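Student: Right, I'll just put the structure down here and ask away after.
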Amino acid sequence: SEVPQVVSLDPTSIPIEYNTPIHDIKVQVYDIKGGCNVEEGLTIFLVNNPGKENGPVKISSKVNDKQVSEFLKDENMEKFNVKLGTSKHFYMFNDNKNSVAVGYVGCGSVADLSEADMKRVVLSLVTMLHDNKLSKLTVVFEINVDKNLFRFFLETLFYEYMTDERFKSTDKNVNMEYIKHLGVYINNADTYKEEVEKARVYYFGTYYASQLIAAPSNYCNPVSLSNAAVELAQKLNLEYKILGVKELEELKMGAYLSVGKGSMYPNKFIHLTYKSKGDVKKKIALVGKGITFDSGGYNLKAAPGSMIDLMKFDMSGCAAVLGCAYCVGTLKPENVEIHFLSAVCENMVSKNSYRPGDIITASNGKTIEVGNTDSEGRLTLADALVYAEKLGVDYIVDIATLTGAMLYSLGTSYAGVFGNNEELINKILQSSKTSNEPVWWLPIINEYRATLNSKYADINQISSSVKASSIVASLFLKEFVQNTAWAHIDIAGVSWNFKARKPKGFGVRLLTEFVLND
Amino acid sequence: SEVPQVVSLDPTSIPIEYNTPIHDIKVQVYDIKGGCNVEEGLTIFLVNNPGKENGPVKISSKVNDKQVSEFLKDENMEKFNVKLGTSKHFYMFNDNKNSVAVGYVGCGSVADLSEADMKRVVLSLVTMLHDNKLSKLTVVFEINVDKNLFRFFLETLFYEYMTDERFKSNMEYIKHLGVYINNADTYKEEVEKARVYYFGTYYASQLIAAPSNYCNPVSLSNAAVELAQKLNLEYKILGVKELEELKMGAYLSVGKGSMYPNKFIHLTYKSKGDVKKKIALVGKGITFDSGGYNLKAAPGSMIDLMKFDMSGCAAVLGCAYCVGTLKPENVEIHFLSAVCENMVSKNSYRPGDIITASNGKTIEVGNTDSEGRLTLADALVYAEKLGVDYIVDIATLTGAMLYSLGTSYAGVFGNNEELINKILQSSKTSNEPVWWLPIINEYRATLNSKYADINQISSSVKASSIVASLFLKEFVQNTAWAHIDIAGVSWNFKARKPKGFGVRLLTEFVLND
Amino acid sequence: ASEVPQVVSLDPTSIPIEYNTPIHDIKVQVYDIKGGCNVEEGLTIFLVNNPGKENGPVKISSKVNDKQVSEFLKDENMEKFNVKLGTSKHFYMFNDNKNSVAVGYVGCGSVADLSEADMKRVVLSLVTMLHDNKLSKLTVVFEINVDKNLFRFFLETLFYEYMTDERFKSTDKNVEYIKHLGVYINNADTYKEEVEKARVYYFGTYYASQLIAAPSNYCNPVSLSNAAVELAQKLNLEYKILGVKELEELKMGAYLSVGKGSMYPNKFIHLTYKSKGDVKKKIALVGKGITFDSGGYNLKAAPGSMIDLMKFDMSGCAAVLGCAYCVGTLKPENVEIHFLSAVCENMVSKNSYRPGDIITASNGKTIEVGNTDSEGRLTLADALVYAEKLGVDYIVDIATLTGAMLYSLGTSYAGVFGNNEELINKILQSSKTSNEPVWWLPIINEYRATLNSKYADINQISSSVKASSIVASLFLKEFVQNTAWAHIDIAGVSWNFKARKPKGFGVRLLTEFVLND
Ligand SMILES: [Zn+2]
Ligand SMILES: [Zn+2]
Ligand SMILES: [Zn+2]
Ligand SMILES: [Zn+2]
Ligand SMILES: [Zn+2]
Ligand SMILES: [Zn+2]
């Protein structure tokens, strides 16, 4: 519970913002058939033009203001097209002699907007929200979106709107003011109303994980991260259990303890549990890789391209699991029992660190010959998977920033999923569709299994013959799940938004949608 | 065409073996239910032990020789185990005092063998054949196989048994092969299909394994003409003067630095009846990829292997043999490959050069080693003009496949899910594994060139297999198209030889669609 | 024995050593060929060659005491098999008593005189027939002509490759070992004094291989010195393990600086074998004992550095300990042998020694460290000063010193340096009788000027010469002033990369050198 320090100025906790400005926004959804009242703030129309490649703009909603209706006439919009991401600002006075602001965001000519397209639409909306001091934003949906896409629009709006300033001191944004009300006019408004407070819950779960990842490793360490998870479980009223070094020694978690041997922070295993009111028909263990910093060990990240400065994000899988724990603990699904697990530690260089070539013993008795200390994620997950299978669950899903090879296979957009069971993978892909967090199915090639045969240990940690590390790492994790249906999501390439210089919070919505639809 | 030479000792043709000793093997299939005759040659039992990992060997078939029957008793075969790939074989005299050999190959403890497991079993069998002088081999299947897999057994056995000694200056080849297997009467029909599939793979391997001084754009097209004349295929070889006038500037820019002129191969198989499906198979034909001015100099570039950059074209030519031999129904197949050589010279195309494809698109060259997609783009514009229903291209395009799927599974991309599913189905029946990878449209923006219509490569998205597929997709406008990247699976690094990957996949695609 | 420090309770506190291997249970019986062969139970293998004829026909030239087996092995049936080096075939037949027997052969090529490498190729084929078969006896018939050293080498290599180290397997395992070994050879009475010599030389190589293959979390300075104490106790050898407090009093600043960054205290191993009859020969054997070489702040980060193999940087120490077993068992006389090793671990830490640090050796020489990964010559320097103070006649050190050996002699031959005719020639002669190949390499004095330090007495590394193995010998030569000294660089030959296992190189070479003086 107590965070060790080198100097008295070292932080002793991760700062977390629970009551964000988003939570103060009053959201109201109105029916488009009754017309829109433009009154104050900024009113944005989501306009399309099917067939016409960036064709002209046409406002097709009844506006309850004569002055603003005259401005939005078709003959006045020669000059704006529906090109995806394009936006314009208009200034005028309404019927009550009051100054109002109206605009639009182009949504292209494809009637069905993709997940990446909708993100581009939302980003244009946020640019109009920044550098402006508005009190209400009003969005008029002149496009077709299902209930999932409408919720995805809200989550992305909330997530991109918020600015994380926990670590600013002499450089906070002085011109930063958030709107207090959000009005939405949409076709068949009553069916979308229920998605609003689900989107806000999905927003914070994603933002909570982003807060943990963006926190650097001197703030986010094994002790302070598990302390925050306890704090989260107490606010939600979940059962919680943090396993210390002495308990992990008795469980013979040799692979997990060997990774964190060289750290000044003791290993901390997070075990949160949400149980249902009523009978349970699904037991699920969610495992997240929790490496608060990955220096690589004695296989140090020194080669060009290793991005050693970004390795604070090697606990992104753990953050996604904890972010889901908030969503599950808040929405309270039932007929289900969920275990949120993470073997948290730090991979450091020290005189106490574990070495390349060392042979360690996992909690299931298997001996492993270490070939690369930078492949430490699969070592900690192995003991976490054995711990998860002892829980007697139906599905085991692990999520981890495991292999940089994911960048060269799927890139920065789609995550990769591996597994030993087909229906679980299909359930993961279905959750990917409804959560709009894209994931692609990749194979576990058994022909590569022979390259993990160690001359002395039961199994090798790495191959060093096969260059397909994402597949080889799944071969290794498969060796520690004997009978339970298990899936593995590699988020090493998609977790960090390199262009936006901030985390994505990837996995929170995907895991929760998987929990909510089973 | 005449092959240019620098010195008179440079070869002027690719030596090709059509008349392999495999074609002399008499193949016989018999039913296992009736017992085995083990009196001539070498008899190998394919045995497993379900449940008991590394369990003992137990033969359950009645043999006719009393001496061999005494050897096969359980007290003598429990001293051997069934570990996948393990093998033992002994020499003895039969009841008539004739020389025979009996042995086994372990098939593990999993009743269902994958293609990789069967490859390891065949490898053990072939090792015994390279040390054997007996003229007969009998293989007894005490395991469960369909003959998508048993045809795979024959195909792989034929391919690994054959040894390429064309460049060379303790074993004889068997004259008979006996097979004891359940339901042999059904199991006859794949024998001659395996022999056709074997040679198409072996013929393609011969072109790939042929070094670049032997296999050049001129000699490779000459071999394609010779193959089309023996098969009775329509053939057309396009020269530089004709390629310039089809305005195939991307393809011609790749080969400028070569001493060999560009040669475009176009073979055609037409049906005797009416045509109900038109298919175009496009193959990347880089007989040597030095990388150009982006020279393959970094560690790992494998410049010494780069004669294999025409493996996609070899797979198309290998499929042309199988299609031309089995002569399928109601189909019209076009076999295309834009063959050239990527060299360093005063005449080479440069990094930063802007070239014009045959469809009018301007391309900004970012790396000369990404030359495959440049030739494929002009070949794809040529293929769509043929008015086909499906366009399938196969290419050793991007080394990123070694970090994605590795050296076992190839990746397939496409713009049409029905064609992709048809390729995936062909992967199962041909037993050449392929995995479907996505065309991520979010990466399309990184191909936007500031000056040209499109960038050849991306500068930010470090995932070339998806980016290269996004580039090729812009050169197929209306036809359902798929792209198979075989850069990782083309060369067998452990065996120091090509695999001939793609030949059986393409043939099964045309023979079953 | 000291207590091994641990970070977590799951850290191992001792190296597992197998002393009673299945090889020790094999009853070995040798017969003379001029009396006929009796084809018994199990497997009977003939070693056949054909001088002059490359891949010539197989011809069995030994009397078999079985009419049926002699008919099988007639010339008109061996015919279809050839003698290519490494080829093997299996035969199944029934003998005169209506019993089924197993017979075969391994081809030994032409050449007639087989090299150590060629014999290993023959032995490997022999082990393949021993593997995956459940035989109780193997019989070997020598129809190839071999001397006593090559016959002993055949048994040593066969025992070593047949043995399988499963100390670190848990869930993994499989099948058994034969209980009897028969050998038929001409003039058999002369060859069989080598049988029990081969069994002794085998375990010394396997014991060294056990220590090398043991990883660094198992094999560290504390646990490695404890094993030497345990070995000395079983062999009744005098032993002394020097701790940091004693090494500080001996002013071993070069040796102490290397181990500063380790969690394991430095341990100097000093074993002694003394003869009963008056001692007319005094020998000190020094082995490099770096249980793990991270390289220090000059971290092994380049692609070729092979840091995951650096548990083998104590191969020199294991070779000396393997010699201690062989010498301690056969008990030669008129010799004192000192088995020395300055054991430590080269790690990265806040306590590690830095590139550029100037340290003082136990002989007063100051050294400027130019690269922390050149820690071998620093630990050896203090060990040689310690060795010379013992008043010995010969000092021989063995070390996995420089990776440059992979670019000079490769993976087959080790390099020997020295300051004296006969110690080098006696070592080179021992290489011939031990069949462990070593090549004599020069100490080029022209390179000595490149070790001139601007501030310290001598530089640890050169600033211009890329011949690291020769420069290291020049550095080590500076710490032996009056005694005959030789240096064996085994950095290229210690690990069998293809077989992913140690070779135990040096045990038989060092032991033969002690036994032939
Ligand atoms: Zn790592
Ligand atoms: Zn990591
Ligand atoms: Zn290229
Ligand atoms: Zn290429
Ligand atoms: Zn070193
Ligand atoms: Zn060293």
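Student: Please report how far the C-alpha centroid of segment B:71-92 lies from that of segment C:59-96, rounded to the nearest whole angstrom.
Tutor: Computed from Cα coordinates, the inter-centre distance equals 20 Å.
Student: How would A:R378, A:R166 line up from fewest to most surrounding beta-carbon atoms within 10 angstrom? All intermediate terms of the calculation are to be shown ahead of the outcome.
Tutor: Numbers: A:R378 28, A:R166 12.
Ascending Cβ contact count within 10 Å gives the list A:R166, A:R378.
Student: Can I ask one more? Can you check what the Kirkwood hydrodynamic radius comes to for the protein assembly as shown, Cα pairs only, in Å to one decimal? Let's see the in-between values first.
Tutor: Values: mean 1/r = 0.0270 Å⁻¹.
In the protein assembly as shown this quantity evaluates to 37.1 Å.
Student: Starting from the Cα gyration tensor of segment B:410-513, take the square roots of the eigenvalues, sort them a ≥ b ≥ c, and report rounded, prolate or oblate (rounded when a/c is under 1.5, otherwise prolate if a/b is larger than b/c, else oblate).
Tutor: Numbers: a/c = 2.68, a/b = 1.53, b/c = 1.75.
Oblate.
Student: Below 23 Å, Cα to Cα, which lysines can C:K67 reach? Residues fewer than 8 away in the same chain don't count.
Tutor: B:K66, B:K97, C:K34, C:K59, C:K80, C:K89, C:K98, C:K137
Student: Counting other C-beta atoms within 10 Å, which of B:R350, B:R151 has the fewest, and how do the rest follow?
Tutor: B:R350, B:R151
Student: Another one. Quick one: work out the % antiparallel among DSSP beta bridges in the protein assembly as shown, nearest 5. Can you show the working numbers first?
Tutor: Values: 88 of 233 bridges.
Once the DSSP bridges in the protein assembly as shown are tallied, antiparallel ones form about 40 percent.
Student: Same structure, new question: How large is the dipole of the protein assembly as shown about the Cα centre if only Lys and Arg carry +1 and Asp and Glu carry -1, each at its Cβ, rounded to the nearest 20 debye?
Tutor: Numbers: 164 positive and 176 negative charges, 73 e Å.
In debye, rounded to 20, the protein assembly as shown gives about 360.
Student: Find the centroid of the Cα atoms in segment B:473-513 and in segment B:153-208, then give the distance between the two in whole Å.
Tutor: 21 Å
Student: Starting from the amide H of A:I489, placed 1.01 Å from N in the peptide plane, find each other amide H under 5 Å away whose residue is 5 or more places distant or on another chain.
Tutor: Under 5 Å from the amide H of A:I489 lie the amide H atoms of A:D398, A:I399, A:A400, A:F418, each far enough along the sequence or on another chain.
Student: Can you compute the modelled spin-label distance between A:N335 and A:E177, with each label point 7 Å from Cα toward Cβ, in nm?
Tutor: So the label points at A:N335 and A:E177 sit 4.9 nm apart.
Student: Out of residues 5 or more away from B:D65 or on other chains, whose amide H comes under 5 Å of its own, with H placed 1.01 Å from N in the peptide plane?
Tutor: Hits under the 5 Å cutoff: B:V38.
Student: In which sequence would B:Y235, A:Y256, A:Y104 go, from the one with the fewest C-beta neighbours within 10 Å to the one with the most?
Tutor: On the way: B:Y235 19, A:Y256 30, A:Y104 25.
In increasing order of surrounding Cβ atoms, one gets B:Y235, A:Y104, A:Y256.
Student: Taking the Cβ-Cβ separation of B:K277 and B:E2 as r and a Förster radius of 22 Å, what is the calculated FRET efficiency to the nearest 0.05? Show your work: numbers first, answer last.
Tutor: On the way: r = 38 Å, r/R0 = 1.71.
Efficiency, from the Cβ-Cβ distance: 0.05.
Student: Another question, then. Hey, quick one: spin label on A:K235, modelled 7 Å out along Cα-Cβ, who in segment A:274-293 has an amide N within reach, i.e. under 20 Å?
Tutor: Within reach of a label on A:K235: A:274-275.
Student: Between C:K89 and residues 5 or more places away or on another chain, which pairs have amide H atoms under 5 Å apart, with H built 1.01 Å from N, and which residues are they?
Tutor: C:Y105
Student: Tell me, what HN-Hα J-couplings in whole Hz come from the Karplus equation 6.51 cos²θ - 1.76 cosθ + 1.60 at θ = phi - 60° for each residue of segment C:396-408, using x for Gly and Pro?
Tutor: Here the 3J(HN,Hα) series is 10, 10, 9, 7, 8, 8, 10, x, 5, 4, 5, 9, 9 Hz.
Student: Distance between the C-alpha centers of segment A:233-271 and segment C:397-418? Whole Å please.
Tutor: 46 Å
Student: On to the next question. Residue by residue through segment B:135-143, what is 3J(HN,Hα) from phi via Karplus (6.51 cos²θ - 1.76 cosθ + 1.60, θ = phi - 60°)? Round to whole Hz and write x for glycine and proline.
Tutor: 8, 9, 10, 10, 10, 10, 8, 8, 9
Student: Under the Karplus relation 6.51 cos²θ - 1.76 cosθ + 1.60, θ = phi - 60°, what is the ordered set of whole-Hz ³J(HN,Hα) values for segment A:186-201, x standing for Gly and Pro?
Tutor: Those phi angles translate into 9, 3, 6, 4, 5, 7, 8, 4, 5, 7, 5, 6, 6, 5, 5, 5 Hz.
Student: So what's the back-of-envelope 222 nm ellipticity for chain A, counting only DSSP H runs of four-plus at -39500 (n - 2.57) apiece and dividing by all residues, rounded to 500? Don't jump to the answer; show the numbers that get you there.
Tutor: Working: 14 runs with 154 residues, N = 518.
After summing the helix terms and dividing by residue count, I get -9000 deg cm²/dmol.
Student: Could you work out the local net charge near C:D278, counting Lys and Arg as +1, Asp and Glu as -1, over the other residues with Cβ closer than 13 Å to its Cβ?
Tutor: Working: positive: C:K274, C:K276, C:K280, C:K281, C:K282; negative: C:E333, C:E336.
Taking every other residue near C:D278 into account, the sum is +3.
Student: Also: Based on the inverse mean of 1/r over its pairs of different Cα atoms, what is the Kirkwood hydrodynamic radius of chain B, in Å? Intermediate results must be reported in sequence, preceding the final value.
Tutor: Values: mean 1/r = 0.0413 Å⁻¹.
With all distinct Cα pairs of chain B included, I get 24.2 Å.
Here Cβ is always computed from backbone atoms with ideal geometry, including for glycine, and neighbour counts include all displayed protein chains. No lab work stands behind these numbers, since they all come straight from the coordinates.
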